[PDB]
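A.B. asks: Pasting target00.cif here (mmCIF, C-alpha atoms and all ligand atoms):
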```
data_input
loop_
_atom_site.label_atom_id
_atom_site.label_comp_id
_atom_site.auth_asym_id
_atom_site.auth_seq_id
_atom_site.Cartn_x
_atom_site.Cartn_y
_atom_site.Cartn_z
CA UNK A 1 83.24 121.43 117.92
CA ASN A 2 82.73 124.88 118.88
CA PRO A 3 80.94 125.24 122.09
CA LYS A 4 80.82 129.01 121.66
CA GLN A 5 78.21 128.49 118.96
CA UNK A 6 76.41 125.51 117.45
CA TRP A 7 76.46 121.83 118.46
CA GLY A 8 79.81 120.71 117.10
CA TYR B 1 121.46 92.82 106.56
CA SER B 2 121.09 92.99 110.34
CA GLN B 3 120.74 95.62 113.09
CA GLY B 4 117.54 97.08 114.56
CA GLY B 5 116.83 100.85 114.59
CA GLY B 6 118.96 103.95 114.99
CA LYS B 7 118.37 107.48 113.69
CA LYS B 8 115.51 107.96 111.24
CA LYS B 9 115.10 109.87 107.98
CA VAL B 10 112.26 112.42 107.92
CA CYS B 11 110.51 114.14 105.01
CA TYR B 12 108.67 117.37 105.85
CA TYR B 13 105.82 118.79 103.78
CA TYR B 14 104.80 122.45 103.85
CA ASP B 15 103.37 125.07 101.49
CA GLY B 16 103.85 128.79 102.06
CA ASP B 17 100.28 129.57 101.00
CA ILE B 18 98.78 127.50 103.84
CA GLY B 19 99.09 130.34 106.37
CA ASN B 20 96.93 132.90 104.55
CA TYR B 21 93.79 130.73 104.48
CA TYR B 22 91.19 132.19 106.83
CA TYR B 23 88.18 130.26 108.12
CA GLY B 24 86.10 133.15 109.42
CA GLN B 25 85.68 135.93 111.94
CA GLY B 26 86.10 134.41 115.40
CA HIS B 27 86.44 130.89 113.99
CA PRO B 28 88.82 128.85 116.18
CA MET B 29 90.38 126.87 113.30
CA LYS B 30 93.26 129.07 112.10
CA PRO B 31 95.48 127.60 109.34
CA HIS B 32 97.98 130.33 110.27
CA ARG B 33 99.16 128.03 113.08
CA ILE B 34 100.90 125.77 110.54
CA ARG B 35 103.09 128.64 109.33
CA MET B 36 103.91 129.43 112.96
CA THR B 37 104.96 125.80 113.41
CA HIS B 38 107.06 125.81 110.24
CA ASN B 39 108.69 129.15 111.03
CA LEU B 40 109.58 127.95 114.53
CA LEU B 41 111.18 124.83 113.03
CA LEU B 42 113.40 126.92 110.74
CA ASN B 43 114.63 129.16 113.55
CA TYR B 44 115.57 126.03 115.53
CA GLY B 45 117.85 124.96 112.68
CA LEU B 46 115.94 121.71 112.18
CA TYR B 47 115.94 122.26 108.40
CA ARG B 48 119.53 120.96 108.38
CA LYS B 49 118.48 117.49 109.61
CA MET B 50 115.45 116.82 107.39
CA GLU B 51 114.35 116.96 103.76
CA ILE B 52 111.71 119.65 103.22
CA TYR B 53 109.27 119.11 100.34
CA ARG B 54 106.37 121.17 99.01
CA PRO B 55 103.15 119.17 98.57
CA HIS B 56 101.24 119.29 95.31
CA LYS B 57 97.63 120.42 95.14
CA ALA B 58 95.81 117.07 95.20
CA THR B 59 93.50 116.89 92.20
CA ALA B 60 89.83 115.97 92.42
CA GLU B 61 90.52 112.53 90.94
CA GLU B 62 92.75 111.64 93.90
CA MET B 63 90.08 112.87 96.32
CA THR B 64 87.32 110.77 94.73
CA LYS B 65 89.28 107.62 95.67
CA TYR B 66 87.23 107.77 98.89
CA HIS B 67 84.82 110.70 98.56
CA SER B 68 81.86 110.87 96.19
CA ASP B 69 81.72 112.94 93.01
CA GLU B 70 78.71 114.91 94.26
CA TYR B 71 80.65 116.14 97.30
CA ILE B 72 83.96 116.80 95.53
CA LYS B 73 82.41 118.73 92.64
CA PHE B 74 80.50 120.75 95.25
CA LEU B 75 83.73 121.80 96.97
CA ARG B 76 85.28 122.87 93.66
CA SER B 77 82.30 125.13 92.91
CA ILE B 78 81.31 126.59 96.28
CA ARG B 79 82.64 130.12 96.85
CA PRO B 80 81.66 132.89 99.28
CA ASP B 81 80.05 134.91 96.45
CA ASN B 82 77.62 132.23 95.21
CA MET B 83 76.58 130.57 98.47
CA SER B 84 72.91 131.56 98.08
CA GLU B 85 72.60 129.56 94.85
CA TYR B 86 74.03 126.51 96.67
CA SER B 87 71.96 127.05 99.84
CA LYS B 88 70.25 123.65 99.66
CA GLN B 89 73.46 121.86 98.64
CA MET B 90 75.40 123.56 101.44
CA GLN B 91 73.09 121.95 104.01
CA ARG B 92 73.26 118.46 102.48
CA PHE B 93 77.06 118.33 102.76
CA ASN B 94 77.15 119.99 106.22
CA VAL B 95 79.00 122.96 104.71
CA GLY B 96 78.03 126.19 106.43
CA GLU B 97 78.27 126.19 110.23
CA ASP B 98 81.37 124.53 111.68
CA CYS B 99 82.67 124.14 108.12
CA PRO B 100 82.17 127.64 106.67
CA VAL B 101 82.80 128.77 103.11
CA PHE B 102 85.84 131.01 102.68
CA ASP B 103 88.10 132.13 99.85
CA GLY B 104 90.25 129.44 98.28
CA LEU B 105 88.61 126.71 100.34
CA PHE B 106 89.20 123.96 97.78
CA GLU B 107 92.88 124.88 97.45
CA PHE B 108 93.23 124.54 101.23
CA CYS B 109 91.89 120.99 100.95
CA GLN B 110 94.31 120.31 98.08
CA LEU B 111 97.33 121.40 100.14
CA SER B 112 96.26 119.41 103.21
CA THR B 113 95.50 116.14 101.43
CA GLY B 114 98.43 116.72 99.07
CA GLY B 115 101.02 116.39 101.83
CA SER B 116 99.42 113.20 103.11
CA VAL B 117 99.27 111.45 99.74
CA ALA B 118 102.75 112.70 98.80
CA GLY B 119 104.09 111.31 102.08
CA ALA B 120 102.16 108.11 101.42
CA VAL B 121 103.85 107.41 98.08
CA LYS B 122 107.14 108.50 99.65
CA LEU B 123 106.76 105.76 102.26
CA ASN B 124 105.58 103.24 99.66
CA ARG B 125 108.72 103.94 97.61
CA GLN B 126 110.77 103.17 100.76
CA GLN B 127 112.56 106.52 100.52
CA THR B 128 111.94 107.68 104.11
CA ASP B 129 111.00 106.54 107.60
CA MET B 130 108.56 109.28 108.63
CA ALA B 131 106.57 111.75 106.53
CA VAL B 132 105.41 114.87 108.38
CA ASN B 133 102.39 116.88 107.18
CA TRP B 134 101.13 119.23 109.89
CA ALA B 135 98.65 120.64 107.35
CA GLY B 136 96.89 117.26 107.42
CA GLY B 137 95.33 115.25 110.22
CA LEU B 138 91.78 116.36 109.37
CA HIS B 139 90.06 113.22 110.66
CA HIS B 140 86.37 114.21 110.87
CA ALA B 141 85.66 114.35 107.13
CA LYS B 142 83.10 111.89 105.75
CA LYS B 143 82.64 110.32 102.33
CA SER B 144 80.00 112.85 101.24
CA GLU B 145 79.90 115.19 104.23
CA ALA B 146 82.09 117.66 106.10
CA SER B 147 82.32 117.82 109.88
CA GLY B 148 84.49 119.08 112.72
CA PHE B 149 86.28 121.68 110.54
CA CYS B 150 87.34 118.84 108.20
CA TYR B 151 86.30 118.90 104.53
CA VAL B 152 88.42 116.24 102.76
CA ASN B 153 89.85 113.39 104.84
CA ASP B 154 93.57 113.33 104.07
CA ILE B 155 94.08 110.40 106.44
CA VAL B 156 91.71 108.03 104.63
CA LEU B 157 93.21 109.05 101.29
CA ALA B 158 96.76 108.57 102.60
CA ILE B 159 95.91 105.16 104.07
CA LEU B 160 94.29 103.95 100.84
CA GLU B 161 97.59 104.79 99.14
CA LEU B 162 99.51 102.78 101.75
CA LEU B 163 97.20 99.80 101.15
CA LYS B 164 98.69 99.45 97.66
CA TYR B 165 101.87 98.08 99.25
CA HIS B 166 101.00 97.53 102.94
CA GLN B 167 98.57 94.74 103.80
CA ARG B 168 98.02 96.08 107.34
CA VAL B 169 97.97 99.74 108.39
CA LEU B 170 97.63 101.01 111.97
CA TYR B 171 95.99 104.39 112.62
CA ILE B 172 96.55 106.16 115.95
CA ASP B 173 94.57 109.28 116.93
CA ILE B 174 95.74 111.22 120.00
CA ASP B 175 93.50 114.20 119.17
CA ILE B 176 91.18 115.03 122.06
CA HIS B 177 88.28 114.20 119.72
CA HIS B 178 87.46 110.77 118.33
CA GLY B 179 88.73 109.93 114.85
CA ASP B 180 85.24 109.07 113.65
CA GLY B 181 85.93 109.76 109.98
CA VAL B 182 88.93 107.43 109.83
CA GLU B 183 87.24 104.79 111.99
CA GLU B 184 84.11 104.78 109.82
CA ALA B 185 86.02 104.43 106.55
CA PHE B 186 87.71 101.18 107.66
CA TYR B 187 85.10 99.98 110.16
CA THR B 188 84.35 96.82 108.12
CA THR B 189 87.87 95.70 107.20
CA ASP B 190 90.88 94.19 108.96
CA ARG B 191 93.49 95.80 106.68
CA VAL B 192 93.24 99.02 108.73
CA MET B 193 93.07 99.14 112.53
CA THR B 194 91.90 102.39 114.13
CA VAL B 195 92.91 103.39 117.67
CA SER B 196 91.69 106.66 119.17
CA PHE B 197 92.16 108.26 122.59
CA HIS B 198 89.58 110.95 123.22
CA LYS B 199 87.27 112.66 125.68
CA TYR B 200 83.85 110.98 125.70
CA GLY B 201 80.50 112.14 127.04
CA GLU B 202 78.78 115.35 125.89
CA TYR B 203 81.69 116.12 123.56
CA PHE B 204 82.27 116.25 119.82
CA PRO B 205 81.59 114.17 117.86
CA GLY B 206 79.61 112.06 120.31
CA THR B 207 80.99 108.74 119.07
CA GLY B 208 84.01 106.85 120.34
CA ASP B 209 82.55 104.41 122.88
CA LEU B 210 84.89 101.53 123.66
CA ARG B 211 82.04 99.13 122.82
CA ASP B 212 82.43 100.05 119.13
CA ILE B 213 85.00 97.45 118.06
CA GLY B 214 84.11 97.12 114.37
CA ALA B 215 81.81 95.10 112.15
CA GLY B 216 82.10 92.46 109.46
CA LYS B 217 85.71 91.50 108.81
CA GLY B 218 86.84 94.50 110.87
CA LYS B 219 85.39 93.31 114.17
CA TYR B 220 87.81 93.85 117.09
CA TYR B 221 89.83 96.16 114.80
CA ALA B 222 88.46 99.44 116.24
CA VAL B 223 89.92 100.39 119.62
CA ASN B 224 88.51 103.37 121.53
CA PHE B 225 89.69 104.68 124.91
CA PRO B 226 87.06 107.05 126.35
CA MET B 227 88.48 109.62 128.75
CA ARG B 228 87.30 112.32 131.13
CA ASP B 229 88.32 115.92 131.83
CA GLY B 230 91.79 116.95 132.89
CA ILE B 231 93.92 113.90 132.09
CA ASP B 232 97.58 114.61 132.82
CA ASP B 233 100.88 113.22 131.53
CA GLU B 234 101.26 110.34 133.99
CA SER B 235 97.71 109.10 133.36
CA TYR B 236 98.14 109.27 129.58
CA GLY B 237 101.58 107.66 129.70
CA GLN B 238 100.57 104.77 131.96
CA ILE B 239 98.08 103.57 129.31
CA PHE B 240 99.50 104.68 125.93
CA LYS B 241 102.67 102.57 125.74
CA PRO B 242 101.10 99.30 127.01
CA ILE B 243 98.07 99.63 124.72
CA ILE B 244 100.13 100.62 121.66
CA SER B 245 102.61 97.80 122.24
CA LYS B 246 99.77 95.28 122.61
CA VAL B 247 98.36 96.47 119.27
CA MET B 248 101.82 96.20 117.69
CA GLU B 249 102.05 92.63 119.06
CA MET B 250 98.62 91.24 118.18
CA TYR B 251 98.07 93.16 114.92
CA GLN B 252 101.69 93.67 113.73
CA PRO B 253 101.21 96.30 111.00
CA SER B 254 103.63 97.28 108.25
CA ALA B 255 102.82 101.01 108.35
CA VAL B 256 101.65 103.46 111.02
CA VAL B 257 99.70 106.73 110.76
CA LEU B 258 99.86 108.91 113.90
CA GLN B 259 97.47 111.86 114.01
CA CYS B 260 98.94 114.35 116.48
CA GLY B 261 95.94 116.47 117.37
CA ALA B 262 97.30 119.32 119.50
CA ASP B 263 93.92 120.27 121.03
CA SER B 264 94.53 117.68 123.78
CA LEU B 265 97.15 119.95 125.37
CA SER B 266 96.66 121.86 128.60
CA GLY B 267 94.71 125.10 128.27
CA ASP B 268 93.33 124.48 124.79
CA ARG B 269 90.67 126.82 123.44
CA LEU B 270 88.34 123.93 122.53
CA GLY B 271 89.89 121.14 124.61
CA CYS B 272 89.62 120.16 128.26
CA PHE B 273 92.62 117.84 128.79
CA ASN B 274 95.76 118.74 130.77
CA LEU B 275 98.61 117.28 128.72
CA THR B 276 101.94 119.03 128.29
CA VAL B 277 104.15 119.06 125.20
CA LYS B 278 106.51 116.48 126.71
CA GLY B 279 103.52 114.33 127.66
CA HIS B 280 102.08 114.79 124.18
CA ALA B 281 105.39 114.18 122.40
CA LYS B 282 105.97 110.99 124.42
CA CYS B 283 103.29 109.40 122.23
CA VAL B 284 105.51 110.01 119.21
CA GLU B 285 108.51 108.43 120.95
CA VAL B 286 106.59 105.20 121.60
CA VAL B 287 105.40 104.85 118.00
CA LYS B 288 108.82 105.88 116.67
CA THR B 289 110.71 103.15 118.54
CA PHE B 290 108.84 100.40 116.66
CA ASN B 291 110.74 101.43 113.48
CA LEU B 292 107.84 101.14 111.04
CA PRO B 293 106.92 103.40 108.10
CA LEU B 294 105.27 106.25 110.00
CA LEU B 295 103.09 109.07 108.66
CA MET B 296 102.85 111.94 111.16
CA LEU B 297 99.93 114.31 110.56
CA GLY B 298 98.46 117.39 112.20
CA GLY B 299 94.86 117.92 113.24
CA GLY B 300 93.31 119.76 116.17
CA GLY B 301 94.82 122.62 118.11
CA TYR B 302 93.20 125.96 118.91
CA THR B 303 95.54 127.69 121.37
CA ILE B 304 97.82 128.45 118.44
CA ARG B 305 100.73 129.63 120.59
CA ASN B 306 100.93 126.10 122.02
CA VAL B 307 100.25 124.30 118.73
CA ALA B 308 103.47 125.78 117.35
CA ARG B 309 105.24 124.51 120.48
CA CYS B 310 103.89 120.96 120.24
CA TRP B 311 104.35 120.18 116.54
CA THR B 312 107.82 121.75 116.58
CA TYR B 313 109.10 119.64 119.48
CA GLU B 314 107.42 116.52 118.08
CA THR B 315 109.25 117.16 114.81
CA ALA B 316 112.55 117.36 116.69
CA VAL B 317 111.54 114.13 118.46
CA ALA B 318 111.23 112.53 115.03
CA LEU B 319 114.72 113.88 114.24
CA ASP B 320 116.12 112.69 117.60
CA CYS B 321 117.47 116.24 117.88
CA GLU B 322 117.48 117.94 121.28
CA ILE B 323 116.39 121.58 121.25
CA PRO B 324 116.82 124.20 124.01
CA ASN B 325 113.83 125.32 126.03
CA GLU B 326 114.69 128.98 125.38
CA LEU B 327 112.71 129.95 122.29
CA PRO B 328 114.86 131.64 119.63
CA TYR B 329 113.58 134.64 117.73
CA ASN B 330 110.99 134.04 115.02
CA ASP B 331 108.43 135.91 112.93
CA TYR B 332 105.74 135.19 115.54
CA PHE B 333 107.80 135.56 118.73
CA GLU B 334 105.05 137.80 120.13
CA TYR B 335 102.55 134.92 120.31
CA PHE B 336 104.65 132.94 122.81
CA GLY B 337 104.39 135.47 125.64
CA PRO B 338 104.84 135.97 128.43
CA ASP B 339 107.30 133.11 128.85
CA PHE B 340 108.85 132.72 125.37
CA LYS B 341 109.74 129.13 126.28
CA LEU B 342 109.18 125.91 124.36
CA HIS B 343 107.58 123.63 126.95
CA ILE B 344 104.46 124.37 128.99
CA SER B 345 103.18 123.50 132.47
CA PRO B 346 99.87 121.87 133.46
CA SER B 347 96.84 123.71 134.81
CA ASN B 348 95.20 123.42 138.23
CA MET B 349 92.14 121.55 136.96
CA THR B 350 91.13 118.26 138.53
CA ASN B 351 91.94 114.99 136.76
CA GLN B 352 88.50 113.41 136.33
CA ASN B 353 90.25 110.21 135.17
CA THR B 354 91.02 108.28 138.34
CA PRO B 355 93.90 105.78 138.06
CA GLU B 356 91.38 103.00 138.76
CA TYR B 357 89.31 104.18 135.79
CA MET B 358 92.44 104.16 133.62
CA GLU B 359 93.18 100.53 134.52
CA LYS B 360 89.63 99.28 133.92
CA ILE B 361 89.32 100.67 130.39
CA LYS B 362 92.81 99.34 129.64
CA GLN B 363 91.88 95.83 130.80
CA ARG B 364 88.58 95.97 128.92
CA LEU B 365 90.44 96.74 125.69
CA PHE B 366 92.96 93.95 126.32
CA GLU B 367 90.02 91.53 126.09
CA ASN B 368 89.22 92.70 122.56
CA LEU B 369 92.92 92.60 121.65
CA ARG B 370 93.17 88.93 122.64
CA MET B 371 90.48 88.14 120.04
CA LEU B 372 92.97 88.49 117.16
NA NA C 1 91.73 110.73 119.41
NA NA C 2 88.94 99.22 111.27
ZN ZN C 3 90.07 117.86 117.83
#
```
Just dump the structure as structure tokens.
Ligand code: NA
Ligand code: NA
Ligand SMILES: [Zn+2]
C.D. replies:
Amino acid sequence: XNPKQXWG
Amino acid sequence: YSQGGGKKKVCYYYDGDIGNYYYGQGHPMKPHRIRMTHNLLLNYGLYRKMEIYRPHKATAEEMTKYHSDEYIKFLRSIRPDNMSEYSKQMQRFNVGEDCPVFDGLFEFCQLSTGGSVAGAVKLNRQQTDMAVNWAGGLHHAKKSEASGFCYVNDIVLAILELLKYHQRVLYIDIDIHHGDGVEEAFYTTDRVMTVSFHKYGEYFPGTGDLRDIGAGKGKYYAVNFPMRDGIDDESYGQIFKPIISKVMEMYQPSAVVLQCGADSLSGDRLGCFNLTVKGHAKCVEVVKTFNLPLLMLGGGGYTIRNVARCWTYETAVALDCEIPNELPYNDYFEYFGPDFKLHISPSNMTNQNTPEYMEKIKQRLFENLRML
């Protein structure tokens, strides 16, 4: 979900 | 008996402890937004027109009605001080990254799912029209896995409670993400129909294609409307009411669950849509006019100053109570700067959803709706 960090 | 529908009775669920739960440093999911929403409701005097309840902490036995014992017992035991011992088990249940481990995490799941199951038995007992639980709406949770900031799926648990007295339940998901956890739990049954409007294509959670209509007995009972960036109010409104009414006509449920994900508003921290509060709340008006046992739930929303605006107005919409645009004073009046007004205005971004694209997806879904 978070595009700031990760893939979600 | 006679008549149709007039003014509705609403039951609101809220716990004061829900605002102090903290996901993590810089984490976008802030449970504090629920307390902002509740505080804004009180200052609008809407507590005079509704019955406010406090949800119980849903026990592990109620959660295992859908989840597995391995995943529930893990959530009861995992704490920020003993994460290293559960390092392997954190990765199996997707607990760590988007779903971090913080203090009182299991109690936060108990409050969220508590309001949804309490509102479910309240509807089953025919003691209200709409049950509101803005602490719920967590739709990404799996049977033995967490995802998309969701740990325990309150929606699936609340729907399983409705199935004890309702042979057909309709689930509507206006969150900018696809309700993949709710859709997957009832993907192979006709007793629950899942409808989700979401942004598709290089976006969480990656599922939600309109070609996923169900399997087994639940074929043609999974409706998805893929969307693009920057959809506005007129584009969302031209397709919501006709699609919802066609579902109400062909499926004809006896209970409705409307997940009001606020991350589909304009200028969201994680979203990319361009909906306003009036455009978002119009979805509640359409579902409300059908006069069915409704269960309104929360969900997404990461520009918290707007989340308090949306779920407050949508609550007044449930109460049929007009509220002034001038925001009264509240404990968090500083968040709503620099306007200090209830409703918001769209952004200047381009609507990637052409009106011809909106009509084609609508007509493609009407084909699957005729198959009932
Ligand atoms: Na959705
Ligand atoms: Na289904
Ligand atoms: Zn979302």
A.B. asks: Using all atoms listed in the file, what are the residues with an atom within 12 Å of ligand NA 1 (chain C), set out as number ranges by chain?
C.D. replies: B: 137-140, 171-183, 194-200, 204-205, 207-209, 223-227, 240, 258-264, 271, 273, 283, 298-300
A.B. asks: Select all residues near (76.7, 120.4, 122.8) (cut-off 7 Å, inclusive, file coordinates), counting all atoms listed in the file, and output them as a PyMOL selection string.
C.D. replies: (chain A and resi 3+7-8) or (chain B and resi 202-203)
A.B. asks: Go through B:24, B:148, B:293, B:206 and flag the residue nearest ligand ZN 3 (chain C), using all atoms listed in the file for the distances.
C.D. replies: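 Closest to ligand ZN 3 (chain C) of all the choices is B:148.
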A.B. asks: Between CA of residue 328 (chain B) and CA of residue 45 (chain B), what distance in Å does the model show, to one decimal?
C.D. replies: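 Distance reported for this atom pair: 10.1 Å.
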A.B. asks: In Å, rounded to a single decimal, give me how far CA of residue 369 (chain B) is from CA of residue 215 (chain B).
C.D. replies: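 These two atoms are separated by 14.8 Å.
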A.B. asks: Would you compute the distance between CA of residue 125 (chain B) and CA of residue 44 (chain B)? Give it in Å to one decimal.
C.D. replies: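 Atom-to-atom, CA of residue 125 (chain B) and CA of residue 44 (chain B) are spaced 29.3 Å apart.
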A.B. asks: Residues within 9 Å of ligand NA 2 (chain C) (only C-alpha atoms and all ligand atoms), as a count of residues only?
C.D. replies: 26
A.B. asks: Find the spatial neighbours of residue 99 (chain B), counting all atoms listed in the file, within a cut-off of 9 Å - ignore same-chain residues fewer than 5 positions away - and output them as a PyMOL selection string.
C.D. replies: chain B and resi 23+94+146-151
A.B. asks: As number ranges by chain, please: the residues near region 304-312 of chain B (cut-off 6 Å, all atoms listed in the file, same-chain neighbours under 5 positions excluded).
C.D. replies: B: 33, 36-37, 41, 262, 277, 335-336, 342
A.B. asks: Just checking: using all atoms listed in the file, which residue out of B:244, B:160, B:265, B:46 ends up closest to ligand ZN 3 (chain C)?
C.D. replies: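 Residue with the minimum atom-to-atom distance to ligand ZN 3 (chain C): B:265.
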